[PDB]
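Colleague: Got a structure for you, questions after.
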Amino acid sequence: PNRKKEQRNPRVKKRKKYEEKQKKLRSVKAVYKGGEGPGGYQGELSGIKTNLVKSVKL
Amino acid sequence: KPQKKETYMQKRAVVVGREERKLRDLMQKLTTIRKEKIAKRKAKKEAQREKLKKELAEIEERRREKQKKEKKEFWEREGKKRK
Amino acid sequence: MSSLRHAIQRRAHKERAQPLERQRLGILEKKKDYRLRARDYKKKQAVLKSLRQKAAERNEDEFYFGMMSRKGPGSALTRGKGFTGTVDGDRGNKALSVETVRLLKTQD
Amino acid sequence: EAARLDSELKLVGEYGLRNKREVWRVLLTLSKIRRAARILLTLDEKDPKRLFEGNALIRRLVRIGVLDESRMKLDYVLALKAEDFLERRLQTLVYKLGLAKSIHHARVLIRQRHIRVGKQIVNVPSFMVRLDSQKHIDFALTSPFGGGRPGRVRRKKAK
Amino acid sequence: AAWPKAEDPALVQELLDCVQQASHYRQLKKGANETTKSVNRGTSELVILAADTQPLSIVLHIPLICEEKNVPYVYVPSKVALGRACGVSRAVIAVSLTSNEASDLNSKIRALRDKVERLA
Amino acid sequence: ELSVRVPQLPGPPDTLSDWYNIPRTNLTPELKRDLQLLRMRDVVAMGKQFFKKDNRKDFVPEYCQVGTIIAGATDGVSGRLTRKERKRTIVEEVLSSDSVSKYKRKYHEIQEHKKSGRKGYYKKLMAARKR
Amino acid sequence: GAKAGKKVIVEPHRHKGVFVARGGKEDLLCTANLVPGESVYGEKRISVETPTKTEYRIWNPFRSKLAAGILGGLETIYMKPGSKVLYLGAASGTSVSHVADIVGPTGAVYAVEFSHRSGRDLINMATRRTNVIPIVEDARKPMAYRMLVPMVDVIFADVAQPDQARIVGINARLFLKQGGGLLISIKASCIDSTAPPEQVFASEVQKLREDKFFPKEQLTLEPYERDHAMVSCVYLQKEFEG
Amino acid sequence: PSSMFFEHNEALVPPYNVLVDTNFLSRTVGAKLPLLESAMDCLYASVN
């Protein structure tokens, strides 16, 4: 059965799967990613839902 | 049934303005793309949900297999003791 | 299994198009399109059948309050050329009484 | 052991290694070191064996700069780990010293033999570095970054 | 005025040493305007301020912003020697260093800011 | 010092006491339009942004005020709208911006794919038949 | 940027007093400022012609960790408009002004700061805003401003000190109502700067539970200022107010 | 939980905190083993 570049180098395949998983991580939790913008603050650039609590209740 | 007469309301309606018309056209096309995008995403979400429930029933079948093996192990190891 | 199958083994097939001596009479209903036409015809005919049960098991002396506040279908007998047995309603507008009409006229 | 899976993957991805062979190998090294650390704690404090052997091992580790010059005790000798051994792994130094834009580009550079440490060019990216040497890492003279010939692509483009 | 001054006994020397480390390691902003921009971007990990300066008011306003951001600062006694430590060919009165979260340089900086926090 | 008083005896609240007097929102059509825009703000940023899925069955809050972004003292060179750029309604602003071309193109596309084969196609088949 | 001049809409958020203003391609957070029309620090602001006296202020997260918390969606931030709040770590007063605009006139916030000239900015704002009380002293010795602080309900803390837990603990011992509340914020790099941050947070919360606190919320202000946290606890009861 | 990754805890680095449960404590006395020593050896790091 025929295969791909991505399979044929087992150096590359753990690069992309590491990239996409890190992209996959960028769905669930929140990464830091630098400070506010160097031009400045520009709002919460993708919305605010009010009624959502994300606090671990101890 | 749709009207073939022409009411005083429809005649007394005002012709709308030009800025208003541009605005309303924008609003129309906005709602269209909104509805179709919600349709695509709802469809994909439904297909992945059906996929996942298939794997849940598969793990249910495996649960029943281990249930069968375990209960038969219990009662075979139990029958000779009562024997 | 699912690695006991060769590549050209899973190479599956490709539909056969409508012949081009014919195409002015419509696309070729292969299997899936037949299934679609079926299921539509099926749910429609079962709706039709259930309605037929209702219309053979009406009772003539029902009584509601809608019948005090809608028109009735009736028949061709009293309705005319223009009769399906729909029960109409309003379209939305009523007899709009005179004083407000004067107000409208002044504004216009 | 999905935790084993994801943990090993994050090791490689943060330092773009090649396989869980190399990662497990460095882990084996760490295991031998922490075995030494366990033993030298098993001998009680102020014992002479403990004093000299632990002083030795701590000098070893700070000589390769993995355990910090700040903290010099057997507690931290236990507390070291694979991220630190990877920190003193070599290719990481090219990336953190600003010659190769990416860890993979650094891997390719080490392949085609453009960096050296001291004198000799290096081909193995898992050549462990030393604290005393780690700043003496630059391009060789034969590489077009360091000079020498402009390279084969410049050669052909001039052709 | 410059009451969180760094004392002599080689504490300033470990400071200048880590400055040399970060200046090679590109984790460094140099000059007071760069310091203000780094601390007002919040990337700053620590900032060192000279006290040997033609009037001190510059390295008095900079502590106002680092007090406004709750990130540490420390007074070296020598603008010339700090500039030489950075490798500028010019005296510098204010040098700041940021964070890069995969090293042991960060452990060094943690030690240094622990030192200055015990100084304060 | 003491006089005769006045007797003055002749629903849901109107200005919320615990949010510093936010009045009940008047239902005006341009306000409705702005509300629809801010709900459907996803498709507005076509391709480049995504938004938190704010999803209630209604969308009209009971209390809202239309306002103005005043001024940037630290920055007003380009974070300031030009005089032509200033708009009355948010909908007219997002109108007067660019990319409404790409909007219209997507519109013709979706319109065609919902006019795939539903009735016009059947009529033209019927013409190919009856001919 | 949501540039200067864009017509926007503002609505209440969940919390009593704070507001959220949505618009166009970018929403944000605001507060009705008590002191009218005037900016503090080049913060952007918002005017609405009410059917003059109606002005709001945009609240940068990255400048103010309370705002980071309001974006992180806290359980209950304990500060109703009209409440007594001891602030702690009141450096240069920006966030403090925001809390002031929350509590309004019928509230009062006690702004304590350690250094001087950040104090100067703070007391300038204390002249202007008629509900925030300037206190410039050593936080470690709260008997100094024992003359000033009455019993209050809500404790803000944002200092970065090793003895922070004991600081806010004795301040809880002195200035917090029965069934009190507090928000504090914590940096791993200033509590102990080699360890993993979650472990540092557990150490600090266990400390407060030894200070007889009831831990009742935690979050990590994750996309905004790395490895910090906001922690919410209640003073000496399981419920908040009474 | 922050400091976590795709079912891996980046958090727990040495030293390790270990909770004793009751069956475990009964059974490790019943097997006559030194608590701190055996844990330190099996983990190869410092605990409490």
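Every chain in the structure tokens has a letter given in the order shown (A, B, ...), and although residue numbers restart at 1 in each chain, ligands are simply numbered from 1 in the order shown.
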Residues near residue 37 of chain D, anyone? I mean within 7 Å using only C-alpha atoms, not counting same-chain ones fewer than 6 positions away, as a PDB file with N, CA, C and O atoms, in the first residue's frame.

Modeller:
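What follows is the written file selection_17.pdb:
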ATOM      1  N   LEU D  74      22.761  17.479  46.629  1.00  0.00           N
ATOM      2  CA  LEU D  74      22.202  16.201  46.206  1.00  0.00           C
ATOM      3  C   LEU D  74      20.693  16.237  46.043  1.00  0.00           C
ATOM      4  O   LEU D  74      20.155  15.458  45.253  1.00  0.00           O
ATOM      5  N   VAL D  77      20.391  17.293  42.725  1.00  0.00           N
ATOM      6  CA  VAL D  77      20.885  16.191  41.905  1.00  0.00           C
ATOM      7  C   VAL D  77      19.771  15.197  41.659  1.00  0.00           C
ATOM      8  O   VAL D  77      19.609  14.678  40.550  1.00  0.00           O
ATOM      9  N   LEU D  78      18.959  14.953  42.673  1.00  0.00           N
ATOM     10  CA  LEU D  78      17.756  14.177  42.441  1.00  0.00           C
ATOM     11  C   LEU D  78      16.798  14.930  41.538  1.00  0.00           C
ATOM     12  O   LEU D  78      16.147  14.325  40.683  1.00  0.00           O
TER      13      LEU D  78
END

Colleague: Determine, using only C-alpha atoms, which residues of chain F have any atom at most 12 Å from an atom of chain C, and tabulate each with its shortest atom pair and distance in Å to one decimal place, rows ordered by chain and then rising number, as a Markdown table.

Modeller:
| residue | atom | partner | partner_atom | distance |
| --- | --- | --- | --- | --- |
| F:117 | CA | C:27 | CA | 11.7 |
| F:121 | CA | C:26 | CA | 10.3 |
| F:122 | CA | C:26 | CA | 9.4 |
| F:123 | CA | C:26 | CA | 11.6 |
| F:124 | CA | C:24 | CA | 9.8 |
| F:125 | CA | C:26 | CA | 6.9 |
| F:126 | CA | C:25 | CA | 8.6 |
| F:127 | CA | C:24 | CA | 9.4 |
| F:128 | CA | C:24 | CA | 5.8 |
| F:129 | CA | C:25 | CA | 6.3 |
| F:130 | CA | C:25 | CA | 10.1 |
| F:131 | CA | C:24 | CA | 9.8 |

Colleague: Pick out the closest residue to chain G from this set: E:39, E:94, E:48, E:88. Count only C-alpha atoms.

Modeller: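 Checking each of E:39, E:94, E:48, E:88 against chain G, counting only C-alpha atoms, the winner is E:39.
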
Colleague: Can you list every residue of chain D that has an atom at most 9 Å from chain A, with its nearest atom pair and the distance in Å to one decimal, using only C-alpha atoms, ordered by chain then number, as JSON lines?

Modeller:
{"residue": "D:9", "atom": "CA", "partner": "A:18", "partner_atom": "CA", "distance": 7.2}
{"residue": "D:10", "atom": "CA", "partner": "A:18", "partner_atom": "CA", "distance": 7.5}
{"residue": "D:12", "atom": "CA", "partner": "A:14", "partner_atom": "CA", "distance": 7.8}
{"residue": "D:13", "atom": "CA", "partner": "A:18", "partner_atom": "CA", "distance": 5.6}
{"residue": "D:14", "atom": "CA", "partner": "A:18", "partner_atom": "CA", "distance": 8.7}
{"residue": "D:16", "atom": "CA", "partner": "A:15", "partner_atom": "CA", "distance": 7.2}
{"residue": "D:17", "atom": "CA", "partner": "A:11", "partner_atom": "CA", "distance": 7.4}
{"residue": "D:18", "atom": "CA", "partner": "A:11", "partner_atom": "CA", "distance": 4.9}
{"residue": "D:19", "atom": "CA", "partner": "A:11", "partner_atom": "CA", "distance": 7.4}

Colleague: How would the residues just chosen look if you wrote them out with N, CA, C and O atoms as a PDB file, in the first residue's frame?

Modeller:
ATOM      1  N   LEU D   9       6.096  12.607  23.365  1.00  0.00           N
ATOM      2  CA  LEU D   9       5.886  13.469  22.214  1.00  0.00           C
ATOM      3  C   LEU D   9       6.215  14.906  22.533  1.00  0.00           C
ATOM      4  O   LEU D   9       6.812  15.589  21.702  1.00  0.00           O
ATOM      5  N   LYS D  10       5.824  15.388  23.709  1.00  0.00           N
ATOM      6  CA  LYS D  10       6.119  16.776  24.025  1.00  0.00           C
ATOM      7  C   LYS D  10       7.613  16.991  24.189  1.00  0.00           C
ATOM      8  O   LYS D  10       8.130  18.053  23.824  1.00  0.00           O
ATOM      9  N   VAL D  12       9.958  15.455  22.423  1.00  0.00           N
ATOM     10  CA  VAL D  12      10.507  15.567  21.072  1.00  0.00           C
ATOM     11  C   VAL D  12      10.107  16.877  20.419  1.00  0.00           C
ATOM     12  O   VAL D  12      10.916  17.524  19.736  1.00  0.00           O
ATOM     13  N   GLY D  13       8.874  17.297  20.626  1.00  0.00           N
ATOM     14  CA  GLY D  13       8.376  18.439  19.912  1.00  0.00           C
ATOM     15  C   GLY D  13       8.987  19.716  20.410  1.00  0.00           C
ATOM     16  O   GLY D  13       9.317  20.599  19.617  1.00  0.00           O
ATOM     17  N   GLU D  14       9.157  19.819  21.726  1.00  0.00           N
ATOM     18  CA  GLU D  14       9.858  20.968  22.271  1.00  0.00           C
ATOM     19  C   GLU D  14      11.320  20.968  21.850  1.00  0.00           C
ATOM     20  O   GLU D  14      11.878  22.029  21.551  1.00  0.00           O
ATOM     21  N   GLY D  16      13.221  19.172  18.828  1.00  0.00           N
ATOM     22  CA  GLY D  16      12.855  18.417  17.656  1.00  0.00           C
ATOM     23  C   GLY D  16      13.784  17.258  17.416  1.00  0.00           C
ATOM     24  O   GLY D  16      14.667  17.303  16.563  1.00  0.00           O
ATOM     25  N   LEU D  17      13.628  16.235  18.235  1.00  0.00           N
ATOM     26  CA  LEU D  17      14.386  15.017  18.066  1.00  0.00           C
ATOM     27  C   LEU D  17      13.737  14.127  17.031  1.00  0.00           C
ATOM     28  O   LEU D  17      12.828  14.522  16.305  1.00  0.00           O
ATOM     29  N   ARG D  18      14.213  12.897  16.979  1.00  0.00           N
ATOM     30  CA  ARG D  18      13.885  12.047  15.853  1.00  0.00           C
ATOM     31  C   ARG D  18      13.067  10.838  16.255  1.00  0.00           C
ATOM     32  O   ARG D  18      12.122  10.481  15.549  1.00  0.00           O
ATOM     33  N   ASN D  19      13.388  10.201  17.376  1.00  0.00           N
ATOM     34  CA  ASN D  19      12.609   9.050  17.775  1.00  0.00           C
ATOM     35  C   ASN D  19      12.709   8.821  19.273  1.00  0.00           C
ATOM     36  O   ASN D  19      13.652   9.247  19.964  1.00  0.00           O
TER      37      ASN D  19
END

Colleague: Report as a PDB file with C-alpha atoms, in the first residue's frame all protein, DNA and RNA residues lying within 12 Å of segment 10-14 of chain B, evaluated on only C-alpha atoms, omitting residues in the same chain fewer than 2 positions from it.

Modeller:
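Printed below is out_11.pdb as written:
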ATOM      1  CA  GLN B   3     -54.316  39.092  -2.021  1.00  0.00           C
ATOM      2  CA  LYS B   4     -55.233  40.202  -5.491  1.00  0.00           C
ATOM      3  CA  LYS B   5     -56.692  43.461  -4.192  1.00  0.00           C
ATOM      4  CA  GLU B   6     -54.468  46.398  -3.288  1.00  0.00           C
ATOM      5  CA  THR B   7     -54.968  47.781   0.205  1.00  0.00           C
ATOM      6  CA  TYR B   8     -54.843  51.298   1.480  1.00  0.00           C
ATOM      7  CA  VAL B  16     -37.833  53.712   0.945  1.00  0.00           C
ATOM      8  CA  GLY B  17     -34.605  55.702   0.812  1.00  0.00           C
TER       9      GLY B  17
ATOM     10  CA  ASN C  93     -55.753  43.397   7.803  1.00  0.00           C
ATOM     11  CA  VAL C 101     -58.619  56.547   8.146  1.00  0.00           C
ATOM     12  CA  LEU C 104     -54.146  58.523   7.491  1.00  0.00           C
ATOM     13  CA  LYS C 105     -55.554  60.828   4.865  1.00  0.00           C
ATOM     14  CA  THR C 106     -54.307  63.952   6.559  1.00  0.00           C
ATOM     15  CA  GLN C 107     -50.821  62.500   6.853  1.00  0.00           C
ATOM     16  CA  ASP C 108     -50.728  61.449   3.204  1.00  0.00           C
TER      17      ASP C 108
END

Colleague: Run DSSP on the backbone and give me the residues of chain D it puts in strand (DSSP E or B), as a list in words.

Modeller: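 Matching residues, listed in order: residues 115, 116, 117, 120, 121, 137, 138 and 139 of chain D.
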